[PDB]
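Just so we're aligned, residue 3 is where the sequence shown starts under the deposited numbering, counting upward by one. Since the structure comes first, as structure tokens, the remarks are kept for the end.
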Amino acid sequence: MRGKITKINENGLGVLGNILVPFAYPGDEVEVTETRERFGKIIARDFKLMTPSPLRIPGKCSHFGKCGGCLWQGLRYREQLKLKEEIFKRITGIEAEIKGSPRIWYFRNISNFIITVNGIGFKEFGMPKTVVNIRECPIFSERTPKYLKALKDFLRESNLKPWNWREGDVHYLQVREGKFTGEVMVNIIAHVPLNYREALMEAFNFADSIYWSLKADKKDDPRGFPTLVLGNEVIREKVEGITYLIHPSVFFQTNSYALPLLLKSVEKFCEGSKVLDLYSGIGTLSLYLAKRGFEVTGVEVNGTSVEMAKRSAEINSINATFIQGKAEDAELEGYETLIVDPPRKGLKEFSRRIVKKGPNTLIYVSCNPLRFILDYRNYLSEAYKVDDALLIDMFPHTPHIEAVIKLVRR
Ligand code: NA
Numbered sequence: 003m004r005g006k007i008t009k010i011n012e013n014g015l016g017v018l019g020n021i022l023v024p025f026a027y028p029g030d031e032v033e034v035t036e037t038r039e040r041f042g043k044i045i046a047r048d049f050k051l052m053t054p055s056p057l058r059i060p061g062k063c064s065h066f067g068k069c070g071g072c073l074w075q076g077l078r079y080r081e082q083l084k085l086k087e088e089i090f091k092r093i094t095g096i097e098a099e100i101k102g103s104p105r106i107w108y109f110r111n112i113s114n115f116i117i118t119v120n121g122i123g124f125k126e127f128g129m130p131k132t133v134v135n136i137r138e139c140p141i142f143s144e145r146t147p148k149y150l151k152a153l154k155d156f157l158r159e160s161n162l163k164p165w166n167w168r169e170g171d172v173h174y175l176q177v178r179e180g181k182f183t184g185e186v187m188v189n190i191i192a193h194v195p196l197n198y199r200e201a202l203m204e205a206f207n208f209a210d211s212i213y214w215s216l217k218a219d220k221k222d223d224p225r226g227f228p229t230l231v232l233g234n235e236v237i238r239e240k241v242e243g244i245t246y247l248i249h250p251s252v253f254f255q256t257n258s259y260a261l262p263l264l265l266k267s268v269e270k271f272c273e274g275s276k277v278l279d280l281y282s283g284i285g286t287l288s289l290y291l292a293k294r295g296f297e298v299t300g301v302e303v304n305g306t307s308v309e310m311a312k313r314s315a316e317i318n319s320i321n322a323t324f325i326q327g328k329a330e331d332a333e334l335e336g337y338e339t340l341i342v343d344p345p346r347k348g349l350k351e352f353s354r355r356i357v358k359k360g361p362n363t364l365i366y367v368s369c370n371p372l373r374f375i376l377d378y379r380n381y382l383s384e385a386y387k388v389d390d391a392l393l394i395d396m397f398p399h400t401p402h403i404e405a406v407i408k409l410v411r412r
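As structure tokens, this is what we get:
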């Protein structure tokens, strides 16, 4: 099958009739040789690029369909941004403008490198994979080669078996950086206890924090019961003059460079002074808002995250409240604005509670617009209507989108 790629689909794959072609983009003239059935979709196993779309970076990226590394690496950056606006609108029927990442290389502040018998890779969960070789798409750090050399040296000295997909001593090397502080946390994720304390400390002597996280299951997901091996308990990231604390056990917004744009977006959409920030994390939005004079209550399920937020508040002299709990059970009355940042599965049934008891301004933060619009169509629209929306490109070179949607009551 030969033809011209007409659009990209929701997951950022180029469409060729009833074929999906990874790394092909709109305008490409392609020739597909092998396809593979994938849960009722036909996906191109490889293609030859006959004619480059005008969207591609001129050079090698206009001669080969797969320049390398990242699914969208071959698209010029401005052109990726417009394709993100298109997808968002196609999914939600909202026209939202996107703000680019101030920096489009080495922007992520975390990486879970999986350690396999086939060697070390950037892990991502889910099947239209978007970062397939981090050597040809350096989205994380300039120190990545030093992080990996260290790990290899440690696996030498500590004779320790990688993940062979059924078992293995070690499983992931998690590295986290504070982009604006220099601090580096190293978190080995393992299926055995640490024996080579000295070998590990030596290999990662440059890290400010070394952890060893013990997994109690064999599942392929990067989480444990962490043990400080050496150095600081946490690392610091600094954004908009706010010191945030990062622990192996917590989630933090992924792009320290685009994060000011997410913070100012949310602020622009706030209404009144009393803000409830559910899924409040290690205080990313809450501290930013409260520091700017909002009265801010944040609720987060992860207890370690909530501690981090409390400590940040002290460090920064911010006046705000932080509570452990599930967003499902937080009291919504008495507020002017509600922010939600749900996980990928969305609000789900919490929407009925928001429909009844929610405040006048609802702000919804979603890295997954298909799930947003479904929450909206299925529940929120009863009570709410979209008033405004912005996009932030937190994940350059890949089709992922971070949306900030402002809804108000009818
Ligand atoms: Na990298």
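Just so you know, even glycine gets a beta-carbon here, dropped at the ideal spot from N, CA and C.
Among the candidates 392, 342, 96, 411, whose CA atom is the shortest distance from the CA of residue 102?
The option with the nearest alpha carbon to residue 102 is 392.
Nearest-angstrom Cβ-Cβ length linking residue 244 and residue 236, presumed shorter than 8 Å
So it is not a contact: roughly 15 Å between Cβ atoms.
Specify, as a first and last residue, the run of the beta strand (DSSP E) that residue 189 falls within.
That run of the beta strand (DSSP E) goes 186 to 192.
Using the three-state DSSP reduction, which class does residue 478 fall into: helix, strand or coil?
For residue 478 there is no data in the structure shown, the boundaries of the chain being 3 and 412.
Rounded to whole angstroms, what's the CA-CA distance from residue 335 to residue 323? Just pull it up for me.
So the alpha carbons of these two residues sit roughly 16 Å apart.
Would you check if the distance between the CB atom of residue 45 and the CB atom of residue 27 is smaller than 9 Å?
Not closer than 9 Å, so no.
Please give me, in chain order, every unbroken run of the alpha helix (DSSP H) with length at least 4 that falls completely inside the segment 259 to 336.
Correct list: 261 to 271, 286 to 293, 305 to 318.
Shortest alpha-carbon distance to residue 410 belongs to which of 127, 290, 387, 119?
The shortest Cα separation from residue 410 among 127, 290, 387, 119 belongs to 387.
C-alpha gap between residue 148 and residue 177, whole angstroms:
Taking the straight line from one Cα to the other gives about 11 Å.
Between the C-alpha atoms of residue 113 and residue 8, what's the straight-line distance to the nearest angstrom?
So the alpha carbons of these two residues sit roughly 34 Å apart.
Is the CB-CB distance between residue 2 and residue 362 below 9 Å?
Nothing can be reported for residue 2, as the shown portion of the chain is limited to 3 through 412.
Could you name the residues, in chain order, whose CB is less than 5 Å away from a heavy atom belonging to ligand 1?
Having a Cβ closer than 5 Å to some heavy atom of ligand 1 are 136, 140, 142, 146.
What is the DSSP secondary structure of residue 392, reduced to helix, strand or coil?
Of the three classes helix, strand and coil, the one that applies to residue 392 here is strand, per DSSP.
Inter-residue spacing [alpha-carbon to alpha-carbon] between residue 222 and residue 295:
Roughly 43 Å separates the two Cα atoms.
Status (buried if at least 16 other CB within 10 Å, exposed otherwise) for residue 82:
Label assigned to residue 82: buried.
Beta carbon of residue 100, beta carbon of residue 109: below 9 Å?
Not closer than 9 Å, so no.
What's the C-alpha gap between residue 241 and residue 349?
Their Cα atoms are separated by approximately 28 Å.
Are the beta-carbon atoms belonging to residue 23 and residue 49 less than 9 Å from one another?
At a Cβ-Cβ threshold of 9 Å, residue 23 and residue 49 count as neighbours.
Cα-Cα separation, residue 86 to residue 366:
Those two C-alpha atoms are separated by around 18 Å.
Start-to-end residues for the beta strand (DSSP E) that takes in residue 174
Unbroken beta strand (DSSP E) run through residue 174: 172 to 179.
On the DSSP letters alone, give me the boundaries of the beta strand (DSSP E) that residue 40 sits inside.
Note, residue 40: beta strand (DSSP E), 31 to 40.
Beta strand (DSSP E) segment containing residue 133, residue limits
Residue 133 -> no beta strand (DSSP E), and no H or E assigned at all.
Could you spell out the range, first to last residue, of the beta strand (DSSP E) harbouring residue 205?
Going by DSSP, residue 205 is part of no beta strand (DSSP E) but of the alpha helix (DSSP H) stretching over 199 to 205.
Determine the closest residue to residue 206 out of 227, 155, 238, with distance taken between C-alpha atoms.
Taking each of 227, 155, 238 in turn and checking the Cα distance to residue 206, the smallest one comes out for 155.
Straight-line gap, residue 360 to residue 259 (C-alpha atoms, nearest Å)
Residue 259 has its alpha-carbon roughly 32 Å from the corresponding atom of residue 360.
Below 8 Å on the Cβ atoms is my guess for residue 371 versus residue 93; work out the distance and round it to an integer in Å.
About 5 Å; that satisfies the 8 Å criterion.
In this structure, how does DSSP classify residue 113 when only helix, strand and coil are distinguished?
Three-state DSSP puts residue 113 in a strand.
Starting from the C-beta of residue 252, find all residues in its chain whose C-beta is less than 8 Å away, skip the five residues before and the five after it, and write them out in chain order.
Cβ neighbours of residue 252 beyond the five flanking positions: 283, 284, 304, 306, 307, 310.
Would residue 202 be called buried (16 or more neighbouring beta carbons within 10 Å of its own) or exposed?
Label assigned to residue 202: buried.
In this structure, does DSSP put residue 353 in helix, strand or coil?
Helix.
Decide if residue 374 is buried, meaning its Cβ has at least 16 other Cβ atoms within 10 Å, or exposed.
Buried: at least 16 other Cβ atoms inside 10 Å.
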